[PDB]
Amino acid sequence: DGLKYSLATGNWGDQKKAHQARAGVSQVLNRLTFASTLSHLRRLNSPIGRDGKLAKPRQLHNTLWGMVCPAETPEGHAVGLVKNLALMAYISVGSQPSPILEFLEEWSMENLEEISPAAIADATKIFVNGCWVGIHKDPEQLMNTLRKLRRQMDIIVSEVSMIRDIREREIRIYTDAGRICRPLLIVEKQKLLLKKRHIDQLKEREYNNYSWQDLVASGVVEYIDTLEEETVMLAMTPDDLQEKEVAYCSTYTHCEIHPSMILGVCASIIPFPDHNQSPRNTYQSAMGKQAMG
Amino acid sequence: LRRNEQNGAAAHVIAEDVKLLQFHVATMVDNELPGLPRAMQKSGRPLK
Amino acid sequence: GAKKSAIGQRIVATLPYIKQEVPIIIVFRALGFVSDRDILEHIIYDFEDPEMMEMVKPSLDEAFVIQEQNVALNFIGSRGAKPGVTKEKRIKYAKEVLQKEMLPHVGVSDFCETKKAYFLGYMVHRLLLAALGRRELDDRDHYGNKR
Amino acid sequence: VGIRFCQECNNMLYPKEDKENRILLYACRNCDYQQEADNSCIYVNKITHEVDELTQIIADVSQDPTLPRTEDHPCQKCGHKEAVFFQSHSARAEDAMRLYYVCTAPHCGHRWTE
Amino acid sequence: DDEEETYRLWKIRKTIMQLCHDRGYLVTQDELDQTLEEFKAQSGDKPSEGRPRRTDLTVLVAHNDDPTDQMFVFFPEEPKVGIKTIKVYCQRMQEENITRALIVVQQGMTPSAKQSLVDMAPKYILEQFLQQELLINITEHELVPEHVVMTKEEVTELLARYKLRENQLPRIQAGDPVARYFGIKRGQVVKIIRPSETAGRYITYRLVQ
Amino acid sequence: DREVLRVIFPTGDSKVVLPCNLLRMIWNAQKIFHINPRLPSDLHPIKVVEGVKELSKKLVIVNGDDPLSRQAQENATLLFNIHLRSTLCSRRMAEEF
Amino acid sequence: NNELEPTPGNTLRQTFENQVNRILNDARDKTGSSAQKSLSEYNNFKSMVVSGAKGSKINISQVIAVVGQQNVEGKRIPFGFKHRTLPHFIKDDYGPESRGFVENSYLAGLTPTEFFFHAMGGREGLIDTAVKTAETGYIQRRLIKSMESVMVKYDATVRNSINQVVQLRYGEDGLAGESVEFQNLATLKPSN
Amino acid sequence: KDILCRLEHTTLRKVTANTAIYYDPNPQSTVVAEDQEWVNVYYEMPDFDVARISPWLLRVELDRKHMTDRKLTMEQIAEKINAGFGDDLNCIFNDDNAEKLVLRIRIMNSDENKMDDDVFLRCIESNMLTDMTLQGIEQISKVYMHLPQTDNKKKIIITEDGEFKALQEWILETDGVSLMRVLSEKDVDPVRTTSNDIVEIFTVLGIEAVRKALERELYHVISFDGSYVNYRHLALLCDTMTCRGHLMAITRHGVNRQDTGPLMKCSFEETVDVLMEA
DNA sequence: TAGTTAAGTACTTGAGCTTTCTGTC
RNA sequence: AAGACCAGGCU
DNA sequence: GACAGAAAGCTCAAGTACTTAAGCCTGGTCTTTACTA
Ligand SMILES: [Zn+2]
Ligand SMILES: [Zn+2]
């Protein structure tokens with residue numbers, strides 16, 4: 001009855017403590033249209049109170065790029081507080097940081113009990129799920145080996161995010177659940193790692209048991225979350241930004257699959273959305289859930 | 001309280017009943033009194 | 001105030017299940033680090049920077065009156081949920097609070113006090129870096145800061 | 001000037017005035033260790049904060065692929081062409097746009113400002 | 001120092017002569033208009049250990065209707081005024097048989113001395129004025145319109161014409177700076193004449209309460 | 001009246017909100033009565049002044065015979081009377097209208 | 001190269017932003033003027049704007065020429081990432097493209113970054129529309145409750161419910177506000 | 001510009017480059033290199049080295065750019081410090097010839113003749129930097145100077161021909177308001193100087209001035225958008241707000257301090273409490 | 001079957017400084 | 001019956 | 001009788017309790033009583 005009540009009424013907590021219980025979860029699924037059903041199944045809610053007149057948490061933040069649809073929000077008191085997921089966005093399910101710590105102990109790291117606190121200034125700190133585990137003195141090779149192992153899927157799951165903040169000398173590793181991430185193509189030097197044989201095999205995908213998981217396992221595509229993007233140099237398209245010009249940049253490390261993947265389910269049905277005004281795109285994203293079919 | 005006053009039981013129980021009656025009488029007029037436990041219906045719902 | 005102008009900025013901690021603010025040095029001494037060199041060695045990772053010393057100095061002076069670990073534990077217990085009748089009861093309650101409700105992700109077994117000291121020292125160091133302007137304040141709407 | 005510690009209990013030295021010899025000394029109030037001060041300064045305060053940030057910036061920032069880099073400005077000691085450049089981070093100065101340069105090659109950690 | 005203090009005293013005296021002229025007291029045109037150099041020559045330039053002490057500056061002016069009423073303006077030498085000093089001023093006031101006087105305080109007055117001013121009210125009426133308040137004539141500001149104190153006969157005619165009881169009029173409090181400037185008491189009615197961009201002119205009446 | 005206007009309106013803003021549009025009204029009269037500007041007029045200049053003076057008495061905002069009522073009436077209608085006299089000037093009537 | 005001199009009363013950042021905004025606004029205005037001059041007499045956009053039925057000269061400029069700079073909270077697009085706006089740009093890039101200047105027009109279509117910056121720009125307008133209403137309504141209600149009893153009596157005086165006099169004549173001239181029009185004094189301005 | 005510098009608040013901290021506390025046990029045998037010269041010039045025929053003089057030295061440096069921007073004088077600074085604190089500091093200061101602009105401060109001579117000496121010198125530094133108030137009027141953060149292009153801030157006068165001529169004159173706009181002392185100031189125009197604060201205008205000029213100033217503020221905030229609202233509504237609002245003789249805010253407090261019927265008040269913002277009091 | 005969040009104003013309270021009367025010289 | 005939550009629409 | 005100290009007093013800054021929080025409209029679903037005795 002506890003599971004049944006909390007899933008039926010929507011109040012999330014004890015029924016006797018319903019005053020302290022959070023509400024609004026587990027709404028009735030919308031069946032007006034298939035697009036409405038999909039948008040309802042892919043939706044995010046900010047717990048910030050709807051009554052708050054503070055504008056800041058409602059504004060479209062830069063870090064929503066590729067993760068949350070910029071066009072699709074409800075109109076009213078909930079503007080910017082209810083957000084829909086991008087098409088290629090994936091939410092991490094979480095994993096235990098048991099193998100990562102063991103590999104770090106194998107990779108010459110110093111435990112938190114054995115540091116001489118005089119040598120802690122030059123070395124780089126290492127964080128795992130927020131917990132400071134130890135220090136390391138060669139961040140470059142460590143970060144290279146970690147990225148190689150993640151790309152080979154060997155002992156680091158592709159859902160694990162690794163971040164090196166050079167100026168603050170910190171290295172952060174998250175295996176935590178709830179992190180939002182999206183796939184990107186790896187760029188080595190000025191060239192994509194995606195080549196014509198991969199495309200041939202994917203075009204012959206039927207009766208070849210070769211799929212997106214085999215594409216991931218080859219080290220061609222990589223999952224990247226929000227705060228790892230801070231250390232990423234992204235190219236909008238390969239044929240345009242990888243080729244030599246009067247150069248803006250040469251250290252590109254990743255490339256988007258396609259720029260249209262930043263839109264949500266309801267905003268992906270709009271023809272020519274870049275030729276319209278953004279309020280009109282938002283209005284269409286809201287009205288598409290009410291279109292009959 | 002009328003019964004306990006007719007019995008004359010113990011001055012402590014009379015005072016406790018007086019406090020309880022004060023709470024209920026005040027809470028019938030005002031249930032939004034801060035610093036005090038707001039009255040509850042058997043549902044766990046607060047009174048109007 | 002005369003005191004406030006002389007001291008400057010003091011660092012205080014709001015521990016769970018504890019009534020009011022507690023100075024950082026008192027918490028560090030309660031963790032088992034009596035000596036000021038060890039406390040500053042956990043707070044400040046490089047002794048050649050005088051601005052960090054100038055920022056930290058008033059906090060040391062505020063908590064000079066407590067020098068013993070048991071005295072610091074009694075000081076913390078006096079501000080617990082309820083004042084314990086006996087001093088050792090307050091000491092035990094404060095020790096339990098500092099083992100369980102203080103930084104549970106760092107550890108729970110009684111060996112982990114050293115790691116708790118490092119993590120608290122890192123927190124204070126990050127606060128000092130923000131106060132010196134050497135780091136940018138964290139953005140609450142940064143979508144990587146969210147789960 | 002900066003902190004120093006008593007050599008027996010490793011606690012803070014703080015300054016006192018000797019009244020007879022009329023000299024300053026450092027005494028740790030947890031003990032009787034008295035040590036004559038060699039710096040005649042106990043407290044300094046750089047109100048205008050005109051300290052150049054070259055000491056705050058590290059040479060490891062050269063490995064950041066998202067920083068810009070130009071061939072125009074050469075390094076002084078080695079003359080490697082490549083040098084990543086970036087802006088100040090001091091919040092409180094009479095200027096806010098000057099570029100800090102770090103030499104890009106693996107062993108030359110040379111940092112300079114134009 | 002002393003040139004600026006001379007300038008302040010000249011400003012205060014000019015504002016006090018304008019005050020007295022506006023209250024209906026006999027003030028000659030030369031006293032209304034005194035150049036800084038003329039005032040300097042009259043009162044002997046620098047004040048500090050100099051000729052214009054604060055006590056050198058007191059003003060006696062006579063009312064136009066009756067020369068018996070008169071009025072004194074005092075300039076206490078102390079930064080703060082006390083009950084003793086106010087009692088000395090009241091003793092001089094009784095000796096000279098005058099009924100109305102002012103006090104120009106350099107910084108402020110103790111509440112015990114403020115209560116002493118009002119305690120005297122049926123006998124002798126004393127009004128406190130801060131030094132800064134008299135450093136400029138607020139009546140000459142563009143925002144302040146013209147204020148005219150009405151007589152009792154005019155107030156009666158006003159109330160008979162509009163058939164109004166006294167409390168039905170707009171009000172002005174006695175602590176209003178303009179009410180302090182004109183020395184207006186509770187129960188009196190002021191007439192305000194201000195220009196309007198719809199009519200051209202408009203007259204408003206404020207009761208003093 | 002010009003001196004009064006210059007006192008009332010510093011900065012010289014001549015745009016004023018008033019009840020009845022005298023220029024439109026004069027233009028209506030010209031077209032209603034088929035007035036030829038090319039020909040001499042038969043309107044005696046005394047009657048312009050006298051009609052303006054008599055009309056100004058018939059525009060009453062404050063009713064009363066007391067001096068207070070007269071002053072209130074004058075203050076209420078000062079701006080409109082100034083505008084009316086400016087527009088119904090005898091020279092202006094003889095030249096333009 | 002530190003050759004820019006700071007304007008009086010302004011920070012170096014403030015004057016740098018002012019100069020860049022001046023340049024971009026001048027560019028957007030010139031392009032709009034050229035686009036408006038290029039319009040034919042048969043153009044339906046011009047036929048709608050000139051008559052004042054709907055649309056405007058800035059709408060024509062944004063449709064044909066340049067959408068223009070996008071602003072958030074009255075400022076140019078901020079740095080949500082560490083020292084850059086998007087992961088596509090390099091750190092410390094204050095150029096027009098990096099900070100939200102939309103070079104293309106609606107007819108030509110926007111690039112992906114300009115599209116995201118325009119979405120950020122429209123979100124601010126949507127938020128302001130959603131937020132301002134409560135405060136405006138609360139002000140309106142408080143004004144009405146404060147003034148509800150003020151009324152013109154048969155004395156032509158304006159009095160509240162307590163018969164206290166607020167104005168001796170309504171509007172200080174006693175006239176209703178619907179029959180009045182704008183006029184010129186014709187005696188105020190002339191030379192003597 | 002002279003009036004701008006005379007109107008703006010300036011603390012000693014803005015013109016001070018850096019501060020250091022030294023220990024110099026004897027006047028003449030100084031630990032700094034350059035101070036020896038003027039030290040001997042002042043102490044060869046010593047000014048008040050008559051009682052004992054304290055081992056602890058306070059030493060402030062002054063940036064020449066900020067010192068000369070505000071037309072300050074080191075003699076002025078020494079006079080202001082000495083007058084503000086009394087004789088409890090002895091001030092030693094350099095001539096302007098010295099490239100390193102130094103003001104050598106020691107605690108009272110009559111104290112070396114409660115707080116510990118160096119700690120007291122730190123507390124003095126922390127007091128001077130925030131409180132010394134070298135120039136101008138406090139609560140005045142910044143003052144801006146510009147030539148207005150709008151006719152509503154331009155001085156318009158009547159020429160000898162009776163025409164209206166608009167003049168361009170420098171005007172100042174401050175951040176922070178202290179109206180009374182600014183109206184007192186030399187060469188400031190008392191007739192036309194105004195602020196945007198309503199309570200500040202009230203407590204200075206009275207109720208009719210607030211009537212007019214509030215009318216102007218409301219007109220500005222309504223007509224800034226380009227819209228037009230008839231004068232009568234603005235006049236009625238101002239008259240209702242200023243009718244009772246004091247500033248009646250249009251809130252529950254201001255509306256319910258009117259002596260109206262309780263049934264009118266219960267219908268606005270305090271329903272049960274109004275009736276309870278009645 | 002019975003019970004069982006963020007703003008803003010008004011009011012209170014505690015720190016700092018006046019008069020007057022009462023005692024002692 | 002009534003109460004509660006939620007979603008959407010028009011400004 | 002003249003000084004000083006101790007008095008009641010008084011005023012003036014911090015801290016605390018309390019208030020409001022756009023208008024209209026359409027639906028849907030869920031639940032009042034489950035737990036001790
Ligand atoms: Zn020691
Ligand atoms: Zn180099």
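Reminder, nothing fancy here: chain letters follow the sequence lines and each chain counts from 1.
- Separating the CG atom of A:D14 from the P atom of K:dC35 is a distance of 12 Å, rounded to the nearest angstrom.
- A:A267 approaches A:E72 most closely through the heavy-atom pair N-OE1, 4.4 Å.
- Checking I:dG16 for Watson-Crick or G-U wobble geometry (two distances, each under 3.5 Å) identifies K:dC10 as its partner.
- Heavy atoms from other residues, nucleotides or ligands lying under 6.0 Å from CD of H:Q139 number more than 12.
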- prompt: Once each nucleotide of nucleotides 4-14 of chain I is scored for protein heavy atoms under 4.0 Å, what B/S/- sequence comes out, 5' to 3'?
  reply: -----SS----
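- Here the separation of I:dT1 from K:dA34, taken at their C1' atoms, is 15 Å to the nearest Å.
- Going by the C1'-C2'-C3'-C4' torsion, the sugar of K:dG5 sits on the south side, since that angle is negative.
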For residues 2-16 of chain C, dump all side-chain donor-acceptor pairs below 3.5 Å to protein atoms at least two apart in sequence or in another chain.
none

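- In this structure, E:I86 places its CD1 atom 13 Å from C1' of I:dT18, rounding to the nearest Å.
- For the pair E:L126/E:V118, no side-chain contact is recorded, criterion being any heavy-atom separation below 4.5 Å from C-beta on.
- A salt bridge does not link H:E269 to G:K145: none of the charged nitrogens lies less than 4.0 Å from a carboxylate oxygen.
- The pair H:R257-H:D259 does not count as a salt bridge, with every side-chain nitrogen at least 4.0 angstrom from each carboxylate oxygen.
- In this structure, A:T9 contributes its side chain and A:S6 its backbone to no donor-acceptor pair below 3.5 Å.
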From CA spacing to verdict: side chain to side chain contact (heavy atoms under 4.5 Å, CB included), B:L1, B:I14: CA-CA 7 Å; B:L1 178 58; B:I14 304 301; 4.1 Å; yes
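- Salt bridge G:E148/G:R141: absent, no basic N to carboxylate O contact under 4.0 Å.
- By the ring-ring contact (aromatic ring centres under 6.0 Å, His included) test, C:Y143 is found to be paired with no residue, residues two or more places apart in sequence or in another chain being considered.
- Spacing between atom CD1 of G:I139 and atom P of K:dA21 amounts to 13 Å, rounded to whole angstrom units.
- Distance, A:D1 CG to K:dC30 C1': 15 Å, rounded to whole Å.
- K:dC3 and I:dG23 make up a base pair, with Watson-Crick or G-U wobble contacts both under 3.5 Å.
- Rounding to whole angstrom units, CG of residue B:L36 and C1' of K:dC18 are separated by 15 Å.
- Whole-Å rounding puts the B:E32 CD to K:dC18 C1' distance at 12 Å.
- For the neighbouring bases K:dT31 and K:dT32, a stacking contact is recorded, both ring-centre distance under 5.5 Å and ring-plane angle under 30° holding.
- Judged by the 6.0 Å distance and 45° axis criteria, H:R252 is not positioned over the aromatic ring of H:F268.
- Among the nucleotides K:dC18, I:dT19, K:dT31, the one closest to the side chain of A:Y5 is K:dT31.
- Between I:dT22 and K:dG5, the distance separating the two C1' atoms is 10 Å to the nearest Å.
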- request: Report, as a single string ordered 5' to 3', how protein heavy atoms within less than 4.0 Å touch nucleotides 1-11 of chain J: B base, S sugar-phosphate only, - not at all.
  value: --S-SSSSS--
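- Judged by distance alone, with hydrogens and angles left aside, the side-chain atoms of A:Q15 form no donor-acceptor pair with the main-chain N or O of A:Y5 at under 3.5 Å.
- Residues E:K114 and G:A134 both approach DNA chain K. Their nearest nucleotides, taken by heavy-atom distance, put E:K114 toward the 5′ side.
- For K:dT29, the ring torsion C1'-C2'-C3'-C4' comes out negative, which puts the sugar in the south group.
- K:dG15: sugar pucker south (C1'-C2'-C3'-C4' torsion negative).
- Rounded to whole Å, the P atom of K:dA21 lies 43 Å from the corresponding atom of I:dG3.
- Between I:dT19 and K:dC10, the distance separating the two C1' atoms is 10 Å to the nearest Å.
- The pentose of I:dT4 belongs to the north class of puckers. Its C1'-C2'-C3'-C4' angle has a positive sign.
- The separation of K:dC25 from I:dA6, taken at their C1' atoms, amounts to 30 Å, rounded to a whole angstrom.
- Taking atom P in both I:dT4 and K:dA37, one finds a spacing of 12 Å when rounded to whole Å.
- Across all strands shown, K:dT36 pairs with I:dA2; the Watson-Crick or G-U wobble distances both stay below 3.5 Å.
- Between E:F74 and E:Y89, the angle of the ring planes lies from 30° to 60°, which puts this pair in the tilted group.
- Look at the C1' atom in both K:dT20 and I:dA10: the space between them is 15 Å, to the nearest Å.
- Counting only Watson-Crick and G-U wobble pairs whose two distances sit under 3.5 Å, RNA chain J takes part in these stems of three or more pairs: J:2-7 with K:26-31, J:9-11 with K:22-24.
- A side-chain donor-acceptor contact under 3.5 Å links G:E73 and A:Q59.
- E:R54 contributes a side-chain N or O that, together with a main-chain N or O of E:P76, makes up a donor-acceptor pair within less than 3.5 Å.
- The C1'-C2'-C3'-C4' torsion of I:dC17 is negative, which assigns its sugar to the south, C2'-endo side.
- Comparing the P positions of K:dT29 and I:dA2 gives a spacing of 35 Å, expressed to the nearest Å.
- Straight-line distance from the CG atom of A:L32 to the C1' atom of K:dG28: 13 Å, rounded to whole Å.
- With a cut-off of 3.5 Å on both pairing distances, the Watson-Crick or G-U wobble partner of I:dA7 is K:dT19.
- A 6.0 Å sphere centred on CE of B:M40 holds more than 12 heavy atoms belonging to other residues, nucleotides or ligands.
- Within residues 262-278 of chain H, the residues that place at least one heavy atom under 4.0 Å from DNA chain K are, in residue-number order, H:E269, H:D273.
- Judged by ring centres under 5.5 angstrom apart and ring planes under 30 degrees, K:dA21 does not stack on its strand neighbour K:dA22.
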